Amino acid sequence: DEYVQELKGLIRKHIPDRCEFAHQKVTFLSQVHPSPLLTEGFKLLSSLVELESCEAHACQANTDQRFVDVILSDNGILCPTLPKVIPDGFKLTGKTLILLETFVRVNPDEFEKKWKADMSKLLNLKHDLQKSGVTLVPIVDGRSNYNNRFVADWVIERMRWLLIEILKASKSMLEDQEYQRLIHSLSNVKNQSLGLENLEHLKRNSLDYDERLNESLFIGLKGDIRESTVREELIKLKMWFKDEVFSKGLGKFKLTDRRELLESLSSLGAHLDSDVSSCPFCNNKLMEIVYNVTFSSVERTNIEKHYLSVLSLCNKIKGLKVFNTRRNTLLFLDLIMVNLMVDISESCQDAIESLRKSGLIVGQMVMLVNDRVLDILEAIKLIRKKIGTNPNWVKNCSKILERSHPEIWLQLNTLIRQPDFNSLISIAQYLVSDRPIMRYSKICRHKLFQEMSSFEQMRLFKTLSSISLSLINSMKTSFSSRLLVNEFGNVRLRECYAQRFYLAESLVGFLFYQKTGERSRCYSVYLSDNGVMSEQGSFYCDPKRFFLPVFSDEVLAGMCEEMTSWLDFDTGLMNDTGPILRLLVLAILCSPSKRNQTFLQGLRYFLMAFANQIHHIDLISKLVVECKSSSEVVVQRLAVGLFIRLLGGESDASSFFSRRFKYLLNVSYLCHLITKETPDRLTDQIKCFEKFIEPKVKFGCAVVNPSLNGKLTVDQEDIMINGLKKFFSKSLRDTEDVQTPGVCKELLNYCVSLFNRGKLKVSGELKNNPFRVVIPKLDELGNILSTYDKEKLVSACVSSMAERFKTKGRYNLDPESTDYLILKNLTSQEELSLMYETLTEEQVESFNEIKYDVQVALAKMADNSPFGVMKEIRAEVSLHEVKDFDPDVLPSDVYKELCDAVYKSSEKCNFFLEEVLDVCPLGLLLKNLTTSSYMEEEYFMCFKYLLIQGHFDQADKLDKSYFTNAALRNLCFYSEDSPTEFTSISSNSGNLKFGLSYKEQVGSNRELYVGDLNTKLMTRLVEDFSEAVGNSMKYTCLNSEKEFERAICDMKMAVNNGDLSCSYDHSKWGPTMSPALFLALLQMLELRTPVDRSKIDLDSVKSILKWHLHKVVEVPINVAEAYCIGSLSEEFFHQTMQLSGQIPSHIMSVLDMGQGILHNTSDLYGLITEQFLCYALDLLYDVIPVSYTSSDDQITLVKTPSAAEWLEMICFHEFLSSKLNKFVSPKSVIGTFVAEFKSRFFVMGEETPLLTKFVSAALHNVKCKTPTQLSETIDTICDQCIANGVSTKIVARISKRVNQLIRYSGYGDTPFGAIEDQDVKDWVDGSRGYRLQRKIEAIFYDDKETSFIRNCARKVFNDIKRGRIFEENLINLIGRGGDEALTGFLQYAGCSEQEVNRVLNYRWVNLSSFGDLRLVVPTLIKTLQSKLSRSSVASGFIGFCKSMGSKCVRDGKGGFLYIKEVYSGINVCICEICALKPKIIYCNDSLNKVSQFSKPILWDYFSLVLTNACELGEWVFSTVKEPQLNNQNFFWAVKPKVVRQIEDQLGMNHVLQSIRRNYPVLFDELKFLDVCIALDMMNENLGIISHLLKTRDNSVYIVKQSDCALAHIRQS
């Protein structure tokens, strides 16, 4: 009370501005007392922050701070019996209301848990407030500091600084655990490195449950077992094991009996029991269509370009919506297209016959707008129907394309051209062709693929590429795109979407489909040979899994030719295995599924099991998958017939087993061609949760919803402690219970107590001791928007709009500005469609849901006869509105198709309007928003708007002055959710939540738990602890390149030595083990630091693995509704409904181990226990093994004295590893021929190239931002691919494919582009700079126009190098431009201006000159800030091609334009320059109209030669010389051979040289580096320093002899 008089004058510097200040201040001067001074003189800050955040949004300052029931009861509103919660602000006008909260948390640790609990308190309120007749927008002001306006950040930090003595004076003069959280809440902006040392100054109380945790978990652990008693125990255990259960034959491992594996394989995959056909085309519904396409074409235009130009103009004119509804803005340009069709029909004699039938339109068909086939006569109805609706229709709808318009209409007269109907009948009566049929749901004649020549086998892949491109660009159709006609096996197709694909000059194909979107469609493929339509099938498949063959005839044909040319040891076997593998690749491409993907994943385990000498007994029951269709039976017969073809022969058919293993290993990794996108996510989250919970309830530990804050109930306590001592029981001498998840505590004691002595090959030494915004909700991971975000941006839009229209009294909205704010904060009609089409279908329908409930909440805001009984109201309509309670999720399977239309087809009343009314007054959307589907084609959307229309939506207080447990939530900054006093089961804030998601692994989905943010921190603590432990450990490899490379080297020399070298694995490493096991391991670890030779305290790791033992794993909300419809997990959720009927949304268990959560902490366990097993096998079976560990995959390389007669040892190792819940998977294979580790397979004398995984990596993951970045990333992937020595043919064909992917996107071709074809040596010698140098100097095939500029580069390089300076200040000359800098360098190196005249005409046209290709600072600063700071593939490529053909490229003024518009400002400059390479090289005068993009190829070539003088060189200046037999399949290792004449470790030697380059760029956000650091800031196509500070990352290239000896030479 020595500064209590100071506080009357401290807060006296505040004018009583509002009612929240003077009413609090008049009671302040009337009492000098520290007991209300820390509450009522301290809640004024919280009230001021609350009033400021109420002043931020729309709000009424509730000074009473009362309930939600009483805040609805101001006027006459009946009470809906609300849950009793307290808001921090209300704003009620009309029939909507805004609940706004105000909380501030200074750290992100408890910023998100209070936000989640607050928004879950706001989302558990909508289900009872929605039924009252009102929807709310739950907004919150989540903060991290104090940013008020009534104070200005100069007194409120002194409200916690000068007041720090008065609460200590209260605690010294006059509460227990509410004191330290009030200090932790009033902290500053903290640089708070909370390590494990935090947990020391937490409280550590007891619950009388931790004692029984220790009684269940720590009794049998002593850590004091002598070194001789372990030997005397294990020798008696081996004497038990060899005489007991190995001699009676319960071994998990046998001797492969190599004749029998092929018989079990023939019984395994070759479905002779099934009724499938032997023809692959008849059984697959798409190989038949590919066969019918490619064998109707092998045996055998001014109006066309005008029609395609007006088609592109129609595509440009549709995406504006100037016709106020989505119905006439399709039919009007349908009328434009049919008028242009009848105009071209009146142009020439044979025009619609010769150049249209053979081209774009076929018999009774007119191609148009949204790739739509229309079959013309329907328009002859509809336009006539339109003149039934509007007789004087084309009188104002043409002038609205004149005014309020683009105002440039390049149509001839077709706007006002009322079509002559008799002429259209005459043309439509001419085209007499069958209507299209689209088949849903015998004899065979398909010419036997093994017998067909290799010329037409290429045609199958080429037509598969054409049809697959037609599938991939079916996402290019717009995703709203409502048709004109509604709508069972065989449909005579009225009008459909249709992609095209070319085969020759005469014939085009088609691809017909009805539905827009990205999911699996019922496609239908017709050809048109000379205009005749011909049916060739109709398949039902998913398009986005066909990005692999989309331009890769040559790539897949080349890798099949390579993979067949690996078999040059038998000629007839090669010619037999050629077409069967090519058919296999065709079947896998043409039918990408998950089940055949999983089967081909199992084939490498079968190949190792046939390869090695010992394999597990229970793999054949796992290698087989149940074929869902007859399509998977085809590939499962083909691959098994291939394996029996070249493994089981009548002779000794295992002669060259290395090449056979290589070939079959790539047959099994040819799995990877199938796209790992898991065709539906909701049937994959089911399998993820089922894989989560099958061992958990098989063992019996899964519980129902815990309390989420600390405590467990007594029954949960009992089942938890019973699962604990069921986990730890597992006595060492019963040979049964060998698959049950748990650890033998007695042998775990032997393990940790022999680890305490220095007798393992690892030890607990522990050098340098380890003691040193939008967040999702955990109920839904793997999705694109949380339930929070899906109302967070709704809340942002409604809060932004609720102030802007009441500035004057407008009371309306703009129907495009209400589609702009969502479309901004998620990702003026050009302004909408510019970034509307940068989405995915899931994002489109999420945008539609957000537009729905935003327009509902806005329509409710200004709000101040259902007896049309054909069916009953309360039996159908009100029943469906009360069962689901939501008009939003009213399904389409509960009703009929026509009843949605006839309830829509009621007469005109006060619920509708006509004249549309795009002015849209707010609150009159009740009659406006519904009529936007009464005049438009959809019906059920109007049905849901009509259902939401007609109201079918329905002194003690002096002692209690301090903040006690009953006074925790009075303030806004109090932070009740802080880590304050942790129990042995929680952390006083939460209960260690996690989530469920899947990894999208290739064969089987790895599950992946997204942790909560506090749990991310508490996970990273133990993770960094274990990483610093494993740094001292010598046989781990999860982080180290060093020990993984030593494992590689040891593995190579052991397979060369012929040592038996295993390859284990672990079945369910995640879902089996428990953190209680980690407690039982850490209890007796010593970790004696070399600083202080003493057992360190592990209680900072044990008292947080006790929190990971009790983790509240969430469920997906999409599996709590997929198990609510109606399979042992489906039995589990339906047997706990007979229990306590709350939804089982949470699971706490003993055995969890989050995959990737406790990864390295399990790696220390799987190192310590594995070295225990490696020491046991050292003594018991007198070998000297050495074992590595990657925490899921292992290898125990075993030396042998003096054949696999030591099955004893290996079965006993499996038994002991089963007793320590390291359950050896049936995937594990052990023997002296093949040793895998982390999918890198070693054979004697060589290494498997493993081609198809890297080829399928290069053909997939085509990430698309800019083609510079795209061919940066794919050049990196081709570098990684040719590091393994695939060929230079396959990499060149991948280069052709990626260059065609660029060229198909409308970018055209550029001299940088993708890297070139026939690139034979530039991978070893050279980064991307040298390859672009090679591509630019390969345009000049004479090498006369480039030797002069290389001599100029020599003149610059000899001047700039060491020993001399010669104007190192080239900082400013390069940054001016590309033209004048090249002229200055060419005149400083010394020549005339005639060389300037003859060089500076070679000008490539640029597109990323003034900026980048905007399809939503250089790459230098981006790479330096990426260094210094520390969703399918096909639907990304289509969103790339859709946003590149649009308005992307920029000019010098503020604005943008098209790429074809830039390529149209062009001329022809025949004489020796423009015809040197066509549409690549130009004249200076040929680019006269568009000269702002004409940058030189010689300047960029000069920049590349100076860069390849920096990064390497003294040989990049020489002339490319003339190079000059050996075996085709003899590859060998080459060295990168690089002379980088700079000083290394450039991480700091370029950051400090950016002051000399660009000082304000570093401000706001050596001797040789400086000349080639200004060459990279000005352009993008160089990338100089990305291959300087980083390393090559491979530097171990193996290449073939034919791709290295045949390669060129460039000597100095």
# chains A, B, ... in the order shown; residues from 1 in each chain; ligands from 1
call {"tool": "residues_around", "arguments": {"residues": "residue 63 (chain A)", "least_positions_apart": "2", "cutoff": "9 Å", "atoms": "only C-alpha atoms", "output": "list in words"}}
result
residues 19, 20, 47, 61, 65 and 66 of chain A
call {"tool": "residues_around", "arguments": {"residues": "residue 1594 (chain A)", "least_positions_apart": "3", "cutoff": "10 Å", "atoms": "only C-alpha atoms", "output": "ChimeraX atom specification"}}
result
/A:1279-1280,1283-1284,1536,1591,1597
call {"tool": "write_last_selection", "arguments": {"atoms": "C-alpha atoms", "output": "PDB file, in the first residue's frame"}}
result
ATOM      1  CA  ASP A1279      18.454 -34.809 -62.290  1.00  0.00           C
ATOM      2  CA  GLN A1280      17.435 -37.118 -59.424  1.00  0.00           C
ATOM      3  CA  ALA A1283      21.365 -39.893 -60.929  1.00  0.00           C
ATOM      4  CA  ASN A1284      20.268 -43.552 -60.918  1.00  0.00           C
ATOM      5  CA  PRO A1536      30.483 -34.969 -60.889  1.00  0.00           C
ATOM      6  CA  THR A1591      25.029 -28.790 -52.789  1.00  0.00           C
ATOM      7  CA  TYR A1597      26.053 -40.413 -60.367  1.00  0.00           C
TER       8      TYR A1597
END
call {"tool": "residues_around", "arguments": {"residues": "residue 640 (chain A)", "least_positions_apart": "6", "cutoff": "10 Å", "atoms": "only C-alpha atoms", "output": "VMD selection string"}}
result
chain A and resid 262 265 to 271 600 603
call {"tool": "write_last_selection", "arguments": {"atoms": "C-alpha atoms", "output": "mmCIF file, in the first residue's frame"}}
result
data_model
loop_
_atom_site.group_PDB
_atom_site.id
_atom_site.type_symbol
_atom_site.label_atom_id
_atom_site.label_comp_id
_atom_site.auth_asym_id
_atom_site.auth_seq_id
_atom_site.Cartn_x
_atom_site.Cartn_y
_atom_site.Cartn_z
ATOM 1 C CA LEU A 262 5.445 -70.153 -57.672
ATOM 2 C CA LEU A 265 1.597 -67.516 -56.671
ATOM 3 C CA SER A 266 -0.369 -69.240 -59.446
ATOM 4 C CA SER A 267 -3.026 -70.003 -56.840
ATOM 5 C CA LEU A 268 -2.634 -66.457 -55.484
ATOM 6 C CA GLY A 269 -3.136 -64.076 -58.398
ATOM 7 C CA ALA A 270 -4.129 -66.132 -61.434
ATOM 8 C CA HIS A 271 -7.872 -66.312 -60.726
ATOM 9 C CA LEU A 600 1.737 -54.603 -57.041
ATOM 10 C CA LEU A 603 4.770 -58.171 -55.383
#
call {"tool": "select_by_dssp", "arguments": {"residues": "region 1013-1147 of chain A", "states": "alpha helix (DSSP H)", "output": "CSV table (one decimal) with C-alpha atoms, in the first residue's frame"}}
result
chain,number,residue,atom,x,y,z
A,1013,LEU,CA,-0.7,-26.7,-30.9
A,1014,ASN,CA,0.0,-27.2,-27.2
A,1015,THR,CA,0.4,-30.9,-28.0
A,1016,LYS,CA,2.7,-29.9,-30.9
A,1017,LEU,CA,4.8,-28.1,-28.4
A,1018,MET,CA,4.8,-30.9,-25.8
A,1019,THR,CA,5.5,-33.3,-28.7
A,1020,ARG,CA,8.5,-31.2,-29.9
A,1021,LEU,CA,10.0,-31.2,-26.4
A,1022,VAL,CA,10.2,-35.0,-26.1
A,1023,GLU,CA,11.1,-35.1,-29.8
A,1024,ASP,CA,14.1,-32.8,-29.4
A,1025,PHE,CA,15.1,-34.6,-26.3
A,1026,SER,CA,15.1,-37.9,-28.1
A,1027,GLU,CA,16.9,-36.4,-31.2
A,1028,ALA,CA,19.7,-35.2,-28.9
A,1029,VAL,CA,19.8,-38.6,-27.3
A,1030,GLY,CA,20.0,-40.3,-30.7
A,1031,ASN,CA,22.7,-37.9,-31.8
A,1032,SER,CA,24.9,-39.7,-29.2
A,1041,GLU,CA,23.1,-38.8,-43.8
A,1042,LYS,CA,26.3,-40.2,-42.2
A,1043,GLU,CA,25.0,-43.3,-40.5
A,1044,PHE,CA,22.5,-44.1,-43.3
A,1045,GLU,CA,25.4,-43.9,-45.7
A,1046,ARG,CA,27.5,-46.1,-43.5
A,1047,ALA,CA,24.5,-48.6,-43.5
A,1048,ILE,CA,24.6,-48.4,-47.3
A,1049,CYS,CA,28.3,-49.1,-47.4
A,1050,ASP,CA,28.1,-51.9,-44.8
A,1051,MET,CA,25.2,-53.4,-46.7
A,1052,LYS,CA,27.1,-53.3,-50.1
A,1053,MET,CA,30.2,-54.9,-48.6
A,1054,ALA,CA,28.1,-57.5,-46.8
A,1055,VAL,CA,26.1,-58.5,-49.8
A,1056,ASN,CA,29.4,-58.6,-51.7
A,1057,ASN,CA,30.9,-60.7,-48.9
A,1069,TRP,CA,4.6,-49.8,-35.3
A,1070,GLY,CA,2.2,-47.0,-34.6
A,1071,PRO,CA,-1.0,-48.6,-33.4
A,1072,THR,CA,0.7,-51.3,-31.2
A,1075,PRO,CA,3.9,-44.4,-24.2
A,1076,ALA,CA,3.7,-46.5,-21.0
A,1077,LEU,CA,6.4,-48.6,-22.6
A,1078,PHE,CA,8.4,-45.4,-23.0
A,1079,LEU,CA,7.9,-44.7,-19.3
A,1080,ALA,CA,9.1,-48.3,-18.4
A,1081,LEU,CA,12.1,-47.7,-20.6
A,1082,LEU,CA,13.0,-44.3,-19.3
A,1099,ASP,CA,11.2,-36.8,-14.8
A,1100,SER,CA,10.9,-33.9,-17.2
A,1101,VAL,CA,10.4,-36.4,-20.0
A,1102,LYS,CA,8.5,-39.0,-17.9
A,1103,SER,CA,5.9,-36.5,-16.6
A,1104,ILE,CA,5.1,-35.6,-20.2
A,1105,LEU,CA,5.1,-39.1,-21.7
A,1106,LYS,CA,2.6,-39.6,-18.9
A,1107,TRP,CA,0.6,-37.0,-20.8
A,1108,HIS,CA,1.2,-38.8,-24.1
A,1109,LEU,CA,0.0,-42.0,-22.4
A,1128,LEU,CA,-15.7,-54.6,-36.4
A,1129,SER,CA,-15.3,-50.8,-35.8
A,1130,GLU,CA,-18.8,-50.4,-37.2
A,1131,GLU,CA,-19.8,-53.0,-34.6
A,1132,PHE,CA,-17.9,-51.0,-32.0
A,1133,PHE,CA,-19.6,-47.7,-32.6
A,1134,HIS,CA,-23.0,-49.4,-32.7
A,1135,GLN,CA,-22.5,-51.4,-29.5
call {"tool": "closest_residue", "arguments": {"among": "A:530, A:1431, A:1295, A:1074", "to": "residue 1276 (chain A)", "atoms": "only C-alpha atoms"}}
result
A:1295
call {"tool": "closest_residue", "arguments": {"among": "A:477, A:411, A:1217, A:1194", "to": "residue 1237 (chain A)", "atoms": "only C-alpha atoms"}}
result
A:1194
call {"tool": "residues_around", "arguments": {"residues": "residue 818 (chain A)", "least_positions_apart": "2", "cutoff": "9 Å", "atoms": "only C-alpha atoms", "output": "list in words"}}
result
residues 797, 801, 813, 814, 815, 816, 820, 821, 822, 823, 851, 854 and 855 of chain A
call {"tool": "residues_around", "arguments": {"residues": "residue 547 (chain A)", "least_positions_apart": "2", "cutoff": "10 Å", "atoms": "only C-alpha atoms", "output": "list in words"}}
result
residues 465, 468, 469, 471, 472, 543, 544, 545, 549, 550, 551, 552, 589, 673, 674, 675, 1259, 1260, 1261, 1262, 1432, 1433, 1434, 1435 and 1437 of chain A
call {"tool": "write_last_selection", "arguments": {"atoms": "N, CA, C and O atoms", "output": "CSV table (one decimal), in the first residue's frame"}}
result
chain,number,residue,atom,x,y,z
A,465,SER,N,-3.2,-41.6,-74.8
A,465,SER,CA,-2.8,-40.2,-74.4
A,465,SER,C,-3.8,-39.2,-74.9
A,465,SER,O,-4.1,-38.3,-74.2
A,468,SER,N,-6.8,-39.7,-72.8
A,468,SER,CA,-6.6,-39.3,-71.4
A,468,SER,C,-6.5,-37.8,-71.3
A,468,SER,O,-6.9,-37.2,-70.3
A,469,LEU,N,-6.0,-37.1,-72.3
A,469,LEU,CA,-6.0,-35.6,-72.4
A,469,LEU,C,-7.5,-35.2,-72.4
A,469,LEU,O,-7.8,-34.1,-71.8
A,471,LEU,N,-9.9,-36.7,-71.0
A,471,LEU,CA,-10.4,-36.9,-69.7
A,471,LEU,C,-9.9,-35.8,-68.8
A,471,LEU,O,-10.7,-35.3,-67.9
A,472,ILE,N,-8.6,-35.4,-68.9
A,472,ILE,CA,-8.0,-34.5,-68.0
A,472,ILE,C,-8.6,-33.1,-68.2
A,472,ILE,O,-8.9,-32.4,-67.2
A,543,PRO,N,-11.4,-39.3,-63.7
A,543,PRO,CA,-10.4,-38.7,-64.7
A,543,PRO,C,-9.1,-38.3,-64.1
A,543,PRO,O,-8.0,-38.5,-64.7
A,544,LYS,N,-9.0,-37.8,-62.8
A,544,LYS,CA,-7.8,-37.3,-62.2
A,544,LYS,C,-6.8,-38.4,-61.8
A,544,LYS,O,-5.8,-38.0,-61.3
A,545,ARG,N,-7.0,-39.7,-62.1
A,545,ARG,CA,-6.0,-40.7,-62.0
A,545,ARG,C,-5.3,-41.0,-63.3
A,545,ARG,O,-4.5,-41.9,-63.3
A,549,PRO,N,-0.7,-40.9,-68.3
A,549,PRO,CA,-0.4,-41.1,-69.7
A,549,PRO,C,-0.7,-39.9,-70.6
A,549,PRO,O,-0.9,-40.1,-71.8
A,550,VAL,N,-0.8,-38.7,-70.0
A,550,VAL,CA,-1.5,-37.6,-70.6
A,550,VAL,C,-0.7,-37.1,-71.8
A,550,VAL,O,-1.3,-36.6,-72.8
A,551,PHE,N,0.6,-37.2,-71.8
A,551,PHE,CA,1.4,-36.9,-73.0
A,551,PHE,C,2.5,-37.8,-73.2
A,551,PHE,O,3.6,-37.5,-73.8
A,552,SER,N,2.4,-39.1,-72.7
A,552,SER,CA,3.6,-39.9,-72.5
A,552,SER,C,3.4,-41.3,-73.3
A,552,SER,O,3.7,-42.3,-72.6
A,589,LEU,N,-2.2,-48.4,-66.4
A,589,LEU,CA,-2.6,-47.0,-66.8
A,589,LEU,C,-4.1,-46.9,-67.1
A,589,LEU,O,-4.7,-46.0,-66.6
A,673,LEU,N,2.9,-46.0,-60.9
A,673,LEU,CA,2.2,-45.3,-62.0
A,673,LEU,C,0.8,-44.9,-61.6
A,673,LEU,O,0.2,-43.9,-62.2
A,674,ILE,N,0.1,-45.7,-60.8
A,674,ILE,CA,-1.2,-45.3,-60.3
A,674,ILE,C,-1.1,-44.2,-59.3
A,674,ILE,O,-0.3,-44.1,-58.5
A,675,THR,N,-2.0,-43.2,-59.5
A,675,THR,CA,-2.0,-41.9,-58.8
A,675,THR,C,-2.4,-42.2,-57.4
A,675,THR,O,-3.5,-42.7,-57.1
A,1259,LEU,N,6.8,-38.2,-64.0
A,1259,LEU,CA,5.6,-38.0,-64.7
A,1259,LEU,C,4.4,-37.5,-63.9
A,1259,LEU,O,3.6,-36.8,-64.4
A,1260,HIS,N,4.4,-37.9,-62.6
A,1260,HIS,CA,3.5,-37.3,-61.6
A,1260,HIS,C,4.2,-36.0,-61.1
A,1260,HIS,O,5.1,-35.5,-61.6
A,1261,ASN,N,3.6,-35.5,-60.0
A,1261,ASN,CA,3.9,-34.3,-59.2
A,1261,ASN,C,4.3,-33.1,-60.1
A,1261,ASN,O,5.2,-32.3,-59.7
A,1262,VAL,N,3.7,-32.9,-61.2
A,1262,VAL,CA,3.9,-31.8,-62.1
A,1262,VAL,C,3.3,-30.6,-61.4
A,1262,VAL,O,2.1,-30.3,-61.6
A,1432,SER,N,-5.3,-32.7,-56.2
A,1432,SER,CA,-4.6,-33.7,-57.0
A,1432,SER,C,-3.7,-33.0,-58.0
A,1432,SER,O,-3.6,-31.7,-58.0
A,1433,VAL,N,-2.9,-33.8,-58.7
A,1433,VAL,CA,-2.0,-33.2,-59.7
A,1433,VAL,C,-2.7,-32.7,-60.9
A,1433,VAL,O,-2.4,-31.6,-61.4
A,1434,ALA,N,-3.7,-33.5,-61.4
A,1434,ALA,CA,-4.3,-33.1,-62.7
A,1434,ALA,C,-5.3,-31.9,-62.5
A,1434,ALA,O,-5.3,-31.1,-63.4
A,1435,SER,N,-5.9,-31.8,-61.4
A,1435,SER,CA,-6.8,-30.7,-61.1
A,1435,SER,C,-6.0,-29.5,-60.7
A,1435,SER,O,-6.6,-28.4,-60.5
A,1437,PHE,N,-3.0,-28.9,-62.7
A,1437,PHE,CA,-2.6,-28.6,-64.1
A,1437,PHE,C,-3.8,-28.0,-64.9
A,1437,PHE,O,-3.5,-27.1,-65.7
call {"tool": "residues_around", "arguments": {"residues": "residue 1221 (chain A)", "least_positions_apart": "6", "cutoff": "6 Å", "atoms": "only C-alpha atoms", "output": "list in words"}}
result
residues 741, 742 and 743 of chain A
call {"tool": "atom_distance", "arguments": {"atom1": "CA of residue 1228 (chain A)", "atom2": "CA of residue 1155 (chain A)"}}
result
19.9 Å
call {"tool": "residues_around", "arguments": {"residues": "residue 1263 (chain A)", "least_positions_apart": "3", "cutoff": "12 Å", "atoms": "only C-alpha atoms", "output": "list in words"}}
result
residues 1257, 1258, 1259, 1260, 1266, 1267, 1268, 1269, 1270, 1271, 1272, 1273, 1274, 1277, 1298, 1301, 1302, 1431, 1432, 1433, 1434, 1435, 1436, 1437, 1438, 1439 and 1440 of chain A
call {"tool": "closest_residue", "arguments": {"among": "A:27, A:1329, A:940, A:175", "to": "residue 898 (chain A)", "atoms": "only C-alpha atoms"}}
result
A:940
call {"tool": "closest_residue", "arguments": {"among": "A:23, A:1350, A:476, A:1146", "to": "residue 841 (chain A)", "atoms": "only C-alpha atoms"}}
result
A:476
call {"tool": "select_by_dssp", "arguments": {"residues": "region 478-694 of chain A", "states": "strand (DSSP E or B)", "output": "JSON, numbers by chain"}}
result
{"A": [490, 491, 492, 496, 497, 498, 499, 500, 501, 502, 508, 509, 510, 511, 512, 513, 521, 522, 524, 526, 527, 528, 533, 534, 535, 540, 541, 614, 615, 616]}
call {"tool": "closest_residue", "arguments": {"among": "A:754, A:611, A:484, A:619", "to": "residue 1086 (chain A)", "atoms": "only C-alpha atoms"}}
result
A:754
call {"tool": "closest_residue", "arguments": {"among": "A:1127, A:361, A:424, A:1296", "to": "residue 694 (chain A)", "atoms": "only C-alpha atoms"}}
result
A:1127
call {"tool": "atom_distance", "arguments": {"atom1": "CA of residue 804 (chain A)", "atom2": "CA of residue 137 (chain A)"}}
result
16.8 Å
call {"tool": "atom_distance", "arguments": {"atom1": "CA of residue 684 (chain A)", "atom2": "CA of residue 781 (chain A)"}}
result
12.1 Å
